[PDB]
Amino acid sequence: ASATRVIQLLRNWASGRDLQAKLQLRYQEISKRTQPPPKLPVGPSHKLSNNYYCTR
Amino acid sequence: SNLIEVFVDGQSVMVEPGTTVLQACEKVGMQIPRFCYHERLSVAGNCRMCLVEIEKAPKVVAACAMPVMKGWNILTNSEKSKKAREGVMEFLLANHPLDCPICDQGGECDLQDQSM
Ligand code: FES
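Protein chains in written order, with our numbering: chain Y, 72 to 127; chain U, 507 to 622.
This is how it looks when you write it as structure tokens:
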């Protein structure tokens, strides 16, 4: 976050933990909203032979 | 009388001579799949969907057109009959158009229900 050093020390002392280690506001570390195309593999019953429906 | 004893899935039933396998199956209470057979029309034997297995017989007979004789045990739910039905539906649907959304017989199609 965009916080001054003195305020950061004040918060860390008052809470008792290191806030900047684990912030609760999401930043650039999240994934992009645009993603490459997927492929989504087919299931196990997509065979061209030995796939009669009466057996499964 | 002249009634003869035939077995459907091991259950005995009396049938008049000249009764087909399909009619015996209806008498027991099961409906053989069909596409070309109509009771009010002459027997054709085209669609081959009514293929059913007779016990101790290596060849699958057409239930609509095959007269039944004494002693036959009709295995309607056997693996061979199921495979024959699946093959016949696959051949029927090989060239069928993907017209179900625009077809006027959407929810009342024998093809759709029998494929399901
Ligand atoms: S119902 Fe078509 S061959 Fe018998």
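The C-beta atom is built at its ideal place from N, Cα and C for all residues, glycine as well.
Assigned exposure category for residue i - 16 Cβ within 10 Å defines buried
i	result
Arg591(U)	buried
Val77(Y)	exposed
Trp578(U)	buried
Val521(U)	buried
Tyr124(Y)	exposed
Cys570(U)	buried
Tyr543(U)	buried
residue 647(U)	For chain U, the structure presents residues 507 to 622; residue 647(U) sits outside this window and is missing.
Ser518(U)	exposed
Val113(Y)	exposed
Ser587(U)	buried
Contact under 9 Å by Cβ, residue i with residue j
i	j	result
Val558(U)	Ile538(U)	yes
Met555(U)	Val594(U)	yes
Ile580(U)	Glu596(U)	no
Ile510(U)	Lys576(U)	yes
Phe541(U)	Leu617(U)	yes
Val534(U)	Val574(U)	no
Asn583(U)	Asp515(U)	yes
Interface flag, residue i vs chain Y, CB-CB below 9 Å
i	result
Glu559(U)	no
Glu592(U)	yes
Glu585(U)	yes
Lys576(U)	no
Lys533(U)	no
residue 623(U)	Here chain U has residues from 507 to 622 only, and residue 623(U) is not among them.
C-beta neighbour in chain U for residue i, strict 9 Å
i	result
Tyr98(Y)	no
Cβ distance (whole Å) where residue i is taken to contact residue j below 8 Å
i	j	result
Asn83(Y)	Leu90(Y)	6 Å
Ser116(Y)	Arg104(Y)	So it is not a contact: roughly 35 Å between Cβ atoms.
Pairs of beta-carbons, one from the segment 512–532 of chain U and one from the segment 605–615 of chain U, closer than 8 Å: are there three or more? no
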